[PDB]
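Engineer: What follows is a single structure, and I will ask about it in a moment.
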Amino acid sequence: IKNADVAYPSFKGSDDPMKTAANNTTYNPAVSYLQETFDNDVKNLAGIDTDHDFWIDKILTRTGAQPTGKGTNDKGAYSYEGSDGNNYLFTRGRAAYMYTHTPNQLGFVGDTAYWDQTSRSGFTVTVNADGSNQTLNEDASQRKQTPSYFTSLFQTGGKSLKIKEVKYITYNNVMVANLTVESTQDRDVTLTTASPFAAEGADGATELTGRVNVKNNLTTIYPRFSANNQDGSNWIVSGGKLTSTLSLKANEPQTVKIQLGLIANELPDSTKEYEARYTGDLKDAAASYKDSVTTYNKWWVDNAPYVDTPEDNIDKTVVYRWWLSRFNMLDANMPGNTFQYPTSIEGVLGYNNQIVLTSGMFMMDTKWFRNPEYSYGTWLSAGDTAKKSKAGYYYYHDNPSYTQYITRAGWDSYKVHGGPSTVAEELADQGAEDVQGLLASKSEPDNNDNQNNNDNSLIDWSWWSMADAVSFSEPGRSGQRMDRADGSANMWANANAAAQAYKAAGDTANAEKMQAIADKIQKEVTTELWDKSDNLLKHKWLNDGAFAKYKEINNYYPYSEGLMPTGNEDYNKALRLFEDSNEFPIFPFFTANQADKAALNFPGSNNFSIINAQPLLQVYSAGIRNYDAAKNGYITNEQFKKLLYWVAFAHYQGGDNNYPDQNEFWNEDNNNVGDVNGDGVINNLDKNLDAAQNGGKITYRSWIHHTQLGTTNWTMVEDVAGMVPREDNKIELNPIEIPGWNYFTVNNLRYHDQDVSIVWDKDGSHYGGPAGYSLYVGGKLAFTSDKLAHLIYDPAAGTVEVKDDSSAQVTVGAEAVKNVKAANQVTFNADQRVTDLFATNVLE
Ligand SMILES: [Ca+2]
Ligand SMILES: [Ca+2]
Ligand SMILES: [Ca+2]
């Protein structure tokens, strides 16, 4: 059966997952929608309390101890494993978060992380009334959390005593708990708080302190711990704890505030945010809350693109994924070691490490954050942690991956944000070091670091360097090496990117040397990995030179990366396999060719993940845009659309848009079904086919939650809106038209020192502006096209070239900004954080 005719998912949950009725802001594509939203939110008292939310907090609101593993599709209820139960704590600072969390205990109970797990609670609160320490039961139906705070209601069994907790971690790692205490009777209530982080201080003091070496002694923190009563008096130290007795009048609440500053010398605002709350102007619970939540939400305005499609279920997953990219990051500014840079992390609630395979994948989205430090820091961190090879090169290496495209992803980031020659040259140099290290890696003593054991211009691996790579399951080939299409595409992509970065820097000699290396790898991929017998790109076994008979989407990375020449009839036929769900299904979105997996009686896992969806989307994108896949009917616009819908659907626990959670992976292994395909047997084909029917389901969600393992928001910016980053001053749009979508917008990209927005509004009726496909640069209309088309705009010349066979009618805006920089004309100044990554100086 064909992919073009598989069913769509059916989203469940809220009617208004983008909370459209909570945001009255009219869209003007010439300005930041999130800025205007924020302005209207503040006018409406956003941040004054937990009943007045900023829009992004409303969207990503999680209420209750929900969900619990009960979902529904169009046919009926299904059980699933791996509900998160709204038990993790979202609120976190740039370095501090809860690795584990006990939501039904006051304070911050669970494994506190400062970069990584400390095995310590942040702080606990004991409530003593009537002479007794009280059990405060959470009413979990009142549990509410957002990216910026957590709140719940705690009550004694007899309901004589209630505490509304509001807790939040500030940007610079102050862990704060507001407790609103109410008694039905006049009472003296003694609160005691204790922190494993800070227990040093004289009885009668108003602060406790400590010093804690973090995991792997990467730094030392100097925690300070204090609290105040509603009248601003401080809690007093007693026995290495803080204590206060409230004189409660019946039915009269009093609000206290506890703060633990996880203070680092290298983060001076950690001290400032703490001191403001200890004795400064943020002592009051309400002011402390409004400052933290406002600051949290300002980051979205400043960093996140705004994406709007006709499918608000996808839009909410896009907001959730900007949050995944922000939440799964470390910005600790640690001196010496690599965490001196803002870096993407592969699952802060999981393995919590920098994995080179996924680092390059994450930067496909983080490059779209408006500030370049949130992508540059990731590739600088890879360059700083690179492993010295026996041959004298430095190659990217996990800082606890069979492969990586960090240099290409870094180059993509530079094509978005730019920078001077020293930035371009640094990326090229770490890139060239890595490519050369891999080419020469036959000299690596660890066999898994040896990626070129026949010493040619192709990457080779054995299955020990790993991924669902069914190619390695070929009978008779256990432990054998093959020259890899994927490894070779990624090394080519790095080499090609390094050549481009050398050129952008002005380093002609190194640009030509890397171009020569790229040209050789490309020639060897097209000559050695092209199976002319069946017009497929295949891995090649080192021992006999035989093509690997079994296939995965990894076979197509030479297309994904643009290694393969275009306009080659034979090369373009390789993508025919994407026609068939039997070969490469849309959902579940597997890496392994499923016909191949079946031919071998199902070796490996039945798992699927965003790590499979991202490269599948990359193949679909390159396939459609460059290798004629939609013209051939191999990968149609409708199929691309269906994959976006399935990818969004997978994010939702039980298909319910209230409960987004990107697990490390999914499967249907526990999907209790019969012979659904009618082949005589109950195997994984049955579980997987059933899961794609009746609106979809995922019966197993893995134990690592709110993680990233690949990422997909780039599809909205680059395929739907069509943005093609370039080194030069020209803006290229190459949209993949989504059938039935009469509007969309990507708002407030930061691209070559310009605000950029893209609008599709078929007849202008949705946004009330120009009809058609419009680009905004610098707050002015650049151009409007009557249709979605492949357009290259030269702002310096005021020309738009129509590159496709559309008869697209384009008009250039009367006030178009002409002076759009090329990437290598962007400079950084002392007021850009990115300057501190490389250096009050400028980077020119
Ligand atoms: Ca929408
Ligand atoms: Ca090789
Ligand atoms: Ca069957």
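Ordering of the structure tokens sets the chain letters (A, B, ...); residue numbers start at 1 within each chain; ligands are numbered from 1 in the order shown.
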Could you name the residues that touch region 432-444 of chain A at 6 Å or less, counting only C-alpha atoms, but leaving out those on the same chain fewer than 2 positions away, as a PDB file with N, CA, C and O atoms, in the first residue's frame?

Structural biologist:
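Full text of selection_15.pdb as output:
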```pdb
ATOM      1  N   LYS A 390      45.446  10.000  16.634  1.00  0.00           N
ATOM      2  CA  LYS A 390      46.846   9.539  16.503  1.00  0.00           C
ATOM      3  C   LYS A 390      47.528  10.247  15.332  1.00  0.00           C
ATOM      4  O   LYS A 390      48.761  10.422  15.394  1.00  0.00           O
ATOM      5  N   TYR A 393      44.995  15.113  14.128  1.00  0.00           N
ATOM      6  CA  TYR A 393      43.762  15.901  13.874  1.00  0.00           C
ATOM      7  C   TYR A 393      42.880  15.854  15.119  1.00  0.00           C
ATOM      8  O   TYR A 393      43.218  15.150  16.053  1.00  0.00           O
ATOM      9  N   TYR A 394      41.814  16.654  15.142  1.00  0.00           N
ATOM     10  CA  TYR A 394      40.848  16.726  16.251  1.00  0.00           C
ATOM     11  C   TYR A 394      39.486  16.462  15.639  1.00  0.00           C
ATOM     12  O   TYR A 394      39.091  17.196  14.745  1.00  0.00           O
ATOM     13  N   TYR A 395      38.805  15.423  16.095  1.00  0.00           N
ATOM     14  CA  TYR A 395      37.487  15.068  15.527  1.00  0.00           C
ATOM     15  C   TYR A 395      36.462  15.154  16.641  1.00  0.00           C
ATOM     16  O   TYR A 395      36.771  14.956  17.859  1.00  0.00           O
ATOM     17  N   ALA A 428      35.328  26.613  10.112  1.00  0.00           N
ATOM     18  CA  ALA A 428      36.016  25.894   9.018  1.00  0.00           C
ATOM     19  C   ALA A 428      37.128  25.032   9.610  1.00  0.00           C
ATOM     20  O   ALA A 428      37.270  23.872   9.181  1.00  0.00           O
ATOM     21  N   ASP A 429      37.935  25.617  10.510  1.00  0.00           N
ATOM     22  CA  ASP A 429      39.119  24.951  11.104  1.00  0.00           C
ATOM     23  C   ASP A 429      38.695  23.721  11.926  1.00  0.00           C
ATOM     24  O   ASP A 429      39.255  22.636  11.704  1.00  0.00           O
ATOM     25  N   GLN A 430      37.737  23.862  12.841  1.00  0.00           N
ATOM     26  CA  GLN A 430      37.234  22.694  13.599  1.00  0.00           C
ATOM     27  C   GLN A 430      36.616  21.701  12.595  1.00  0.00           C
ATOM     28  O   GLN A 430      36.795  20.499  12.780  1.00  0.00           O
ATOM     29  N   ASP A 446      40.896   2.968  19.230  1.00  0.00           N
ATOM     30  CA  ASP A 446      39.558   2.433  19.543  1.00  0.00           C
ATOM     31  C   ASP A 446      38.914   2.142  18.189  1.00  0.00           C
ATOM     32  O   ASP A 446      38.808   3.060  17.365  1.00  0.00           O
ATOM     33  N   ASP A 449      36.278   4.426  16.962  1.00  0.00           N
ATOM     34  CA  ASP A 449      36.755   5.754  16.472  1.00  0.00           C
ATOM     35  C   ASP A 449      37.371   5.599  15.082  1.00  0.00           C
ATOM     36  O   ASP A 449      37.595   6.608  14.413  1.00  0.00           O
ATOM     37  N   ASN A 450      37.695   4.373  14.680  1.00  0.00           N
ATOM     38  CA  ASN A 450      38.190   4.047  13.320  1.00  0.00           C
ATOM     39  C   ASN A 450      37.008   4.023  12.356  1.00  0.00           C
ATOM     40  O   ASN A 450      36.212   3.052  12.376  1.00  0.00           O
ATOM     41  N   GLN A 451      36.888   5.054  11.541  1.00  0.00           N
ATOM     42  CA  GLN A 451      35.739   5.228  10.619  1.00  0.00           C
ATOM     43  C   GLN A 451      36.264   5.147   9.187  1.00  0.00           C
ATOM     44  O   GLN A 451      35.520   5.490   8.239  1.00  0.00           O
ATOM     45  N   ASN A 452      37.463   4.634   8.983  1.00  0.00           N
ATOM     46  CA  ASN A 452      37.994   4.558   7.601  1.00  0.00           C
ATOM     47  C   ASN A 452      39.054   3.455   7.487  1.00  0.00           C
ATOM     48  O   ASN A 452      40.202   3.757   7.150  1.00  0.00           O
ATOM     49  N   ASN A 453      38.661   2.213   7.739  1.00  0.00           N
ATOM     50  CA  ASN A 453      39.639   1.107   7.861  1.00  0.00           C
ATOM     51  C   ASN A 453      40.136   0.657   6.478  1.00  0.00           C
ATOM     52  O   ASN A 453      41.192  -0.012   6.458  1.00  0.00           O
TER      53      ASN A 453
END
```

Engineer: Tell me which protein, DNA and RNA residues are within 8 Å of region 749-766 of chain A, counting only C-alpha atoms, leaving out same-chain ones fewer than 3 positions away, and put them as an MDAnalysis selection string.

Structural biologist: chainID A and resid 29:30 304:305 368:371 415:418 721 729 742:746 769:779 786:788 820:823 826

Engineer: Could you check which of A:606, A:471, A:480, A:238 is closest to residue 549 (chain A), using only C-alpha atoms?

Structural biologist: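 With only C-alpha atoms as the atom set, the closest residue is A:471.
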
Engineer: Would you give me, as a Markdown table, each residue of chain A having an atom within 6 Å of an atom of ligand 3, along with its shortest atom pair and that distance in Å to one decimal, using only C-alpha atoms and all ligand atoms and sorting by chain and residue number?

Structural biologist:
```
| residue | atom | partner | partner_atom_place_in_ligand_line | distance |
| --- | --- | --- | --- | --- |
| A:675 | CA | ligand 3 | 1 (Ca) | 4.1 |
| A:676 | CA | ligand 3 | 1 (Ca) | 5.6 |
| A:677 | CA | ligand 3 | 1 (Ca) | 4.7 |
| A:678 | CA | ligand 3 | 1 (Ca) | 5.2 |
| A:679 | CA | ligand 3 | 1 (Ca) | 4.6 |
| A:680 | CA | ligand 3 | 1 (Ca) | 5.5 |
| A:681 | CA | ligand 3 | 1 (Ca) | 4.3 |
| A:682 | CA | ligand 3 | 1 (Ca) | 4.7 |
| A:683 | CA | ligand 3 | 1 (Ca) | 5.9 |
| A:686 | CA | ligand 3 | 1 (Ca) | 5.1 |
```

Engineer: Using only C-alpha atoms and all ligand atoms, which residues of the polymer chains come no farther than 6 Å from ligand 1? I'd like the answer as a list in words.

Structural biologist: residues 308, 309, 310, 311, 312 and 315 of chain A

Engineer: Store the residues of this selection in a file with C-alpha atoms, as a PDB file, in the first residue's frame.

Structural biologist:
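For reference, result.pdb as written:
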```pdb
ATOM      1  CA  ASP A 308       1.069  29.755  12.559  1.00  0.00           C
ATOM      2  CA  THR A 309      -0.579  27.126  10.340  1.00  0.00           C
ATOM      3  CA  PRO A 310      -4.211  26.119   9.770  1.00  0.00           C
ATOM      4  CA  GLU A 311      -3.600  23.095  12.084  1.00  0.00           C
ATOM      5  CA  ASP A 312      -3.363  24.346  15.671  1.00  0.00           C
ATOM      6  CA  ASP A 315       1.262  24.829  15.977  1.00  0.00           C
TER       7      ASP A 315
END
```

Engineer: Could I get the residue neighbourhood of ligand 2 at 6 Å, counting only C-alpha atoms and all ligand atoms, as a ChimeraX atom specification?

Structural biologist: /A:452-460,483

Engineer: Give me a file of those residues, with N, CA and C atoms, as a CSV table (one decimal), in the first residue's frame.

Structural biologist:
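Result saved to again.csv:
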```csv
chain,number,residue,atom,x,y,z
A,452,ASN,N,37.5,4.6,9.0
A,452,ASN,CA,38.0,4.6,7.6
A,452,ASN,C,39.1,3.5,7.5
A,453,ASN,N,38.7,2.2,7.7
A,453,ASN,CA,39.6,1.1,7.9
A,453,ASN,C,40.1,0.7,6.5
A,454,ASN,N,39.5,1.0,5.4
A,454,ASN,CA,40.1,0.8,4.0
A,454,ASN,C,40.8,2.0,3.5
A,455,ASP,N,40.9,3.1,4.3
A,455,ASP,CA,41.7,4.3,4.0
A,455,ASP,C,41.3,4.9,2.6
A,456,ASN,N,40.0,4.9,2.3
A,456,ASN,CA,39.6,5.6,1.0
A,456,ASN,C,38.9,6.9,1.4
A,457,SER,N,38.0,7.4,0.7
A,457,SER,CA,37.3,8.7,1.0
A,457,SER,C,35.9,8.5,1.4
A,458,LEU,N,35.6,7.3,1.9
A,458,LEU,CA,34.2,6.9,2.4
A,458,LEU,C,34.4,6.5,3.8
A,459,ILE,N,33.4,7.0,4.7
A,459,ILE,CA,33.3,6.5,6.0
A,459,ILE,C,32.9,5.0,6.0
A,460,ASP,N,33.5,4.2,6.8
A,460,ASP,CA,33.1,2.8,7.1
A,460,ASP,C,32.9,2.6,8.6
A,483,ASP,N,31.6,0.6,3.8
A,483,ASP,CA,31.6,2.0,3.4
A,483,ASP,C,30.1,2.5,3.4
```

Engineer: Extract, using only C-alpha atoms, all DNA, RNA and protein residues at most 9 Å from residue 448 (chain A), discarding same-chain residues fewer than 6 positions from it, and format them as a list in words.

Structural biologist: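 Answer for this query is residues 402, 461, 462, 464, 465 and 466 of chain A.
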
Engineer: Please list as number ranges by chain every residue within 8 Å of residue 657 (chain A), counting only C-alpha atoms and excluding residues in the same chain fewer than 6 positions away.

Structural biologist: A: 11-14, 17, 313, 316

Engineer: At a cut-off of 12 Å, using only C-alpha atoms, what residues contact residue 698 (chain A)? Leave out same-chain residues fewer than 3 positions from it and give the result as an mmCIF file with N, CA, C and O atoms, in the first residue's frame.

Structural biologist:
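This is the output file out-v3.cif:
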```
data_model
loop_
_atom_site.group_PDB
_atom_site.id
_atom_site.type_symbol
_atom_site.label_atom_id
_atom_site.label_comp_id
_atom_site.auth_asym_id
_atom_site.auth_seq_id
_atom_site.Cartn_x
_atom_site.Cartn_y
_atom_site.Cartn_z
ATOM 1 N N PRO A 9 -3.580 11.168 11.326
ATOM 2 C CA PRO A 9 -3.864 11.045 12.744
ATOM 3 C C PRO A 9 -5.128 11.860 13.065
ATOM 4 O O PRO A 9 -5.512 12.674 12.294
ATOM 5 N N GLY A 69 -2.320 7.347 31.263
ATOM 6 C CA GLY A 69 -2.089 6.182 30.386
ATOM 7 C C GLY A 69 -3.370 5.716 29.719
ATOM 8 O O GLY A 69 -3.372 4.588 29.185
ATOM 9 N N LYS A 70 -4.419 6.537 29.755
ATOM 10 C CA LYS A 70 -5.690 6.237 29.060
ATOM 11 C C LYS A 70 -5.883 7.275 27.944
ATOM 12 O O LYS A 70 -5.975 8.492 28.226
ATOM 13 N N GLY A 71 -5.902 6.790 26.711
ATOM 14 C CA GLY A 71 -6.130 7.597 25.505
ATOM 15 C C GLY A 71 -7.330 7.096 24.738
ATOM 16 O O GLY A 71 -7.876 6.035 25.079
ATOM 17 N N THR A 72 -7.700 7.815 23.703
ATOM 18 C CA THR A 72 -8.820 7.456 22.817
ATOM 19 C C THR A 72 -8.411 7.840 21.400
ATOM 20 O O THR A 72 -7.839 8.922 21.229
ATOM 21 N N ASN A 73 -8.662 6.993 20.413
ATOM 22 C CA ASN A 73 -8.556 7.432 18.999
ATOM 23 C C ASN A 73 -9.992 7.470 18.465
ATOM 24 O O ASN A 73 -10.882 7.650 19.283
ATOM 25 N N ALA A 77 -10.963 3.560 23.271
ATOM 26 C CA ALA A 77 -9.966 3.823 24.323
ATOM 27 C C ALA A 77 -8.816 2.845 24.106
ATOM 28 O O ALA A 77 -9.022 1.755 23.562
ATOM 29 N N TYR A 78 -7.613 3.282 24.421
ATOM 30 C CA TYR A 78 -6.434 2.415 24.438
ATOM 31 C C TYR A 78 -5.638 2.810 25.663
ATOM 32 O O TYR A 78 -5.716 3.998 26.063
ATOM 33 N N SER A 79 -4.943 1.841 26.231
ATOM 34 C CA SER A 79 -3.943 2.060 27.301
ATOM 35 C C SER A 79 -2.603 2.385 26.649
ATOM 36 O O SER A 79 -2.345 1.936 25.514
ATOM 37 N N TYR A 80 -1.800 3.199 27.310
ATOM 38 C CA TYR A 80 -0.387 3.377 26.897
ATOM 39 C C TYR A 80 0.449 3.473 28.162
ATOM 40 O O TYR A 80 -0.011 3.916 29.220
ATOM 41 N N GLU A 81 1.647 2.963 28.040
ATOM 42 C CA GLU A 81 2.691 3.051 29.062
ATOM 43 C C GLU A 81 3.436 4.361 28.836
ATOM 44 O O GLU A 81 3.569 4.734 27.684
ATOM 45 N N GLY A 82 3.950 4.962 29.906
ATOM 46 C CA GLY A 82 4.897 6.082 29.843
ATOM 47 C C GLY A 82 4.216 7.415 29.973
ATOM 48 O O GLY A 82 4.843 8.399 29.608
ATOM 49 N N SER A 83 3.024 7.503 30.568
ATOM 50 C CA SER A 83 2.452 8.826 30.906
ATOM 51 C C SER A 83 3.394 9.539 31.871
ATOM 52 O O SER A 83 4.041 8.888 32.701
ATOM 53 N N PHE A 587 4.109 6.555 9.110
ATOM 54 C CA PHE A 587 3.780 6.291 10.523
ATOM 55 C C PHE A 587 3.548 4.800 10.751
ATOM 56 O O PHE A 587 2.695 4.172 10.136
ATOM 57 N N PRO A 588 4.248 4.207 11.731
ATOM 58 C CA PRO A 588 5.340 4.882 12.425
ATOM 59 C C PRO A 588 6.479 5.257 11.469
ATOM 60 O O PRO A 588 6.711 4.602 10.461
ATOM 61 N N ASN A 607 11.310 0.345 17.519
ATOM 62 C CA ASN A 607 11.211 1.688 18.141
ATOM 63 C C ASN A 607 11.224 2.725 17.029
ATOM 64 O O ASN A 607 11.796 2.450 15.963
ATOM 65 N N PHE A 608 10.609 3.870 17.293
ATOM 66 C CA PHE A 608 10.646 5.029 16.393
ATOM 67 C C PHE A 608 10.658 6.266 17.276
ATOM 68 O O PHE A 608 10.239 6.248 18.441
ATOM 69 N N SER A 609 11.110 7.348 16.697
ATOM 70 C CA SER A 609 11.540 8.515 17.481
ATOM 71 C C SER A 609 11.568 9.714 16.557
ATOM 72 O O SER A 609 11.667 9.527 15.334
ATOM 73 N N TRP A 646 1.525 13.392 11.420
ATOM 74 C CA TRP A 646 1.928 12.230 12.250
ATOM 75 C C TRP A 646 3.020 12.616 13.246
ATOM 76 O O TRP A 646 2.982 12.134 14.411
ATOM 77 N N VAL A 647 3.948 13.449 12.806
ATOM 78 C CA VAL A 647 5.047 13.883 13.722
ATOM 79 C C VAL A 647 4.420 14.662 14.876
ATOM 80 O O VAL A 647 4.738 14.363 16.023
ATOM 81 N N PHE A 649 1.297 14.558 15.968
ATOM 82 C CA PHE A 649 0.462 13.612 16.739
ATOM 83 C C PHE A 649 1.291 12.823 17.759
ATOM 84 O O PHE A 649 0.834 12.669 18.892
ATOM 85 N N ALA A 650 2.448 12.291 17.344
ATOM 86 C CA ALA A 650 3.350 11.476 18.189
ATOM 87 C C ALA A 650 3.701 12.221 19.477
ATOM 88 O O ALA A 650 3.930 11.537 20.472
ATOM 89 N N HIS A 651 3.756 13.552 19.476
ATOM 90 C CA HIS A 651 4.165 14.336 20.661
ATOM 91 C C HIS A 651 3.131 14.169 21.795
ATOM 92 O O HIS A 651 3.467 14.379 22.968
ATOM 93 N N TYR A 652 1.894 13.861 21.457
ATOM 94 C CA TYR A 652 0.794 13.976 22.427
ATOM 95 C C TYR A 652 0.569 12.623 23.088
ATOM 96 O O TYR A 652 0.227 11.611 22.437
ATOM 97 N N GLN A 653 0.715 12.617 24.404
ATOM 98 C CA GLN A 653 0.362 11.446 25.226
ATOM 99 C C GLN A 653 -1.103 11.077 24.953
ATOM 100 O O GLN A 653 -1.971 11.944 25.134
ATOM 101 N N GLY A 654 -1.366 9.848 24.537
ATOM 102 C CA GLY A 654 -2.741 9.396 24.257
ATOM 103 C C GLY A 654 -3.405 10.163 23.127
ATOM 104 O O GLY A 654 -4.649 10.142 23.068
ATOM 105 N N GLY A 655 -2.622 10.804 22.247
ATOM 106 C CA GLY A 655 -3.103 11.633 21.136
ATOM 107 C C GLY A 655 -3.772 12.910 21.614
ATOM 108 O O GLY A 655 -4.418 13.590 20.787
ATOM 109 N N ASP A 656 -3.598 13.267 22.893
ATOM 110 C CA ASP A 656 -4.355 14.365 23.541
ATOM 111 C C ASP A 656 -3.491 15.632 23.571
ATOM 112 O O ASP A 656 -2.439 15.628 24.244
ATOM 113 N N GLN A 662 7.769 14.778 24.416
ATOM 114 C CA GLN A 662 8.652 14.016 23.518
ATOM 115 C C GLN A 662 9.476 13.057 24.363
ATOM 116 O O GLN A 662 10.518 13.469 24.979
ATOM 117 N N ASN A 663 9.050 11.804 24.345
ATOM 118 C CA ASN A 663 9.865 10.693 24.881
ATOM 119 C C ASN A 663 11.082 10.487 23.994
ATOM 120 O O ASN A 663 11.106 10.920 22.808
ATOM 121 N N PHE A 665 11.886 7.739 22.861
ATOM 122 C CA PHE A 665 11.323 6.935 21.756
ATOM 123 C C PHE A 665 9.961 6.378 22.130
ATOM 124 O O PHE A 665 9.478 6.481 23.280
ATOM 125 N N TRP A 666 9.351 5.831 21.088
ATOM 126 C CA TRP A 666 8.007 5.243 21.089
ATOM 127 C C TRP A 666 8.104 3.841 20.496
ATOM 128 O O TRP A 666 8.992 3.595 19.660
ATOM 129 N N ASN A 667 7.137 3.000 20.818
ATOM 130 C CA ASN A 667 6.904 1.791 19.994
ATOM 131 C C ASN A 667 5.455 1.382 20.178
ATOM 132 O O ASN A 667 4.766 1.911 21.055
ATOM 133 N N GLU A 668 5.054 0.407 19.388
ATOM 134 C CA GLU A 668 3.725 -0.242 19.468
ATOM 135 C C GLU A 668 3.867 -1.692 19.949
ATOM 136 O O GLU A 668 2.913 -2.499 19.720
ATOM 137 N N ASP A 669 4.945 -2.029 20.669
ATOM 138 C CA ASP A 669 5.291 -3.452 20.971
ATOM 139 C C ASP A 669 4.221 -4.065 21.887
ATOM 140 O O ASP A 669 3.961 -5.277 21.806
ATOM 141 N N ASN A 670 3.586 -3.236 22.698
ATOM 142 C CA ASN A 670 2.611 -3.664 23.716
ATOM 143 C C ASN A 670 1.211 -3.374 23.169
ATOM 144 O O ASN A 670 0.249 -3.274 23.978
ATOM 145 N N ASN A 671 1.108 -3.161 21.861
ATOM 146 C CA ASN A 671 -0.197 -2.931 21.174
ATOM 147 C C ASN A 671 -0.822 -4.323 20.971
ATOM 148 O O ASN A 671 -0.469 -4.990 20.028
ATOM 149 N N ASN A 672 -1.733 -4.695 21.854
ATOM 150 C CA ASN A 672 -2.437 -6.002 21.935
ATOM 151 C C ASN A 672 -3.431 -6.161 20.762
ATOM 152 O O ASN A 672 -4.601 -5.784 20.956
ATOM 153 N N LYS A 687 0.947 -4.754 14.825
ATOM 154 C CA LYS A 687 0.963 -3.696 15.872
ATOM 155 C C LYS A 687 1.148 -2.324 15.227
ATOM 156 O O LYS A 687 0.404 -1.387 15.610
ATOM 157 N N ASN A 688 2.049 -2.250 14.252
ATOM 158 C CA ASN A 688 2.417 -0.998 13.561
ATOM 159 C C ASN A 688 1.298 -0.562 12.596
ATOM 160 O O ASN A 688 0.998 0.649 12.571
ATOM 161 N N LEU A 689 0.718 -1.479 11.819
ATOM 162 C CA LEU A 689 -0.394 -1.128 10.896
ATOM 163 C C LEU A 689 -1.597 -0.646 11.715
ATOM 164 O O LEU A 689 -2.177 0.388 11.342
ATOM 165 N N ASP A 690 -1.942 -1.343 12.793
ATOM 166 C CA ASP A 690 -3.094 -0.978 13.648
ATOM 167 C C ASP A 690 -2.883 0.433 14.215
ATOM 168 O O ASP A 690 -3.809 1.267 14.173
ATOM 169 N N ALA A 691 -1.665 0.724 14.657
ATOM 170 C CA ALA A 691 -1.310 2.008 15.288
ATOM 171 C C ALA A 691 -1.486 3.162 14.310
ATOM 172 O O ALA A 691 -1.736 4.292 14.802
ATOM 173 N N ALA A 692 -1.369 2.923 13.000
ATOM 174 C CA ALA A 692 -1.546 3.950 11.961
ATOM 175 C C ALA A 692 -3.025 4.112 11.582
ATOM 176 O O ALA A 692 -3.311 5.028 10.803
ATOM 177 N N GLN A 693 -3.932 3.298 12.126
ATOM 178 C CA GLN A 693 -5.358 3.328 11.698
ATOM 179 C C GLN A 693 -6.195 4.027 12.763
ATOM 180 O O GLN A 693 -5.738 4.170 13.911
ATOM 181 N N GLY A 695 -7.088 6.948 13.506
ATOM 182 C CA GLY A 695 -6.652 8.222 14.091
ATOM 183 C C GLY A 695 -5.317 8.104 14.812
ATOM 184 O O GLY A 695 -4.776 9.166 15.228
ATOM 185 N N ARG A 701 5.474 4.758 25.429
ATOM 186 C CA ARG A 701 6.234 6.023 25.458
ATOM 187 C C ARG A 701 7.384 5.828 26.442
ATOM 188 O O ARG A 701 7.139 5.391 27.570
ATOM 189 N N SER A 702 8.608 6.094 26.018
ATOM 190 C CA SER A 702 9.797 5.607 26.759
ATOM 191 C C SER A 702 9.976 6.416 28.046
ATOM 192 O O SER A 702 9.276 7.432 28.263
#
```

Engineer: Near residue 597 (chain A), within 12 Å and counting only C-alpha atoms, which residues show up once chain neighbours fewer than 2 positions away are dropped, as an NGL selection string?

Structural biologist: :A and (468-474 or 549-552 or 582-584 or 590-595 or 599-606 or 683-685)

Engineer: Using only C-alpha atoms, which residue out of A:377, A:558, A:64, A:400 lies closest to residue 103 (chain A)?

Structural biologist: A:64

Engineer: Which residues are close to residue 707 (chain A), i.e. within 9 Å by only C-alpha atoms, leaving aside same-chain residues fewer than 2 positions away? Reply as a list in words.

Structural biologist: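 The neighbour list is residues 324, 325, 327, 328, 345, 346, 347, 348, 349, 350, 661, 662, 663, 664, 704, 705 and 709 of chain A.
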
Engineer: Have a look at CA of residue 645 (chain A) and CA of residue 3 (chain A) and let me know their distance in Å, one decimal.

Structural biologist: 13.4 Å

Engineer: Using DSSP on the backbone coordinates, identify the residues of region 395-524 of chain A assigned to helix (DSSP H, G or I); present them as number ranges by chain.

Structural biologist: A: 406-417, 421-439, 441-443, 447-449, 463-465, 470-473, 485-505, 508-524

Engineer: Which of these residues is nearest to residue 562 (chain A), using only C-alpha atoms: A:713, A:626, A:245, A:197?

Structural biologist: A:626

Engineer: DSSP says strand (DSSP E or B) for which residues of region 605-701 of chain A? Put them as a PyMOL selection string?

Structural biologist: chain A and resi 608+652+656+660+666-667+700-701

Engineer: Between CA of residue 497 (chain A) and CA of residue 793 (chain A), measure the distance and give it in Å to one decimal.

Structural biologist: 23.1 Å

Engineer: Considering only C-alpha atoms, state which residue in the set A:795, A:122, A:567, A:232 is at the smallest distance from residue 782 (chain A).

Structural biologist: A:795
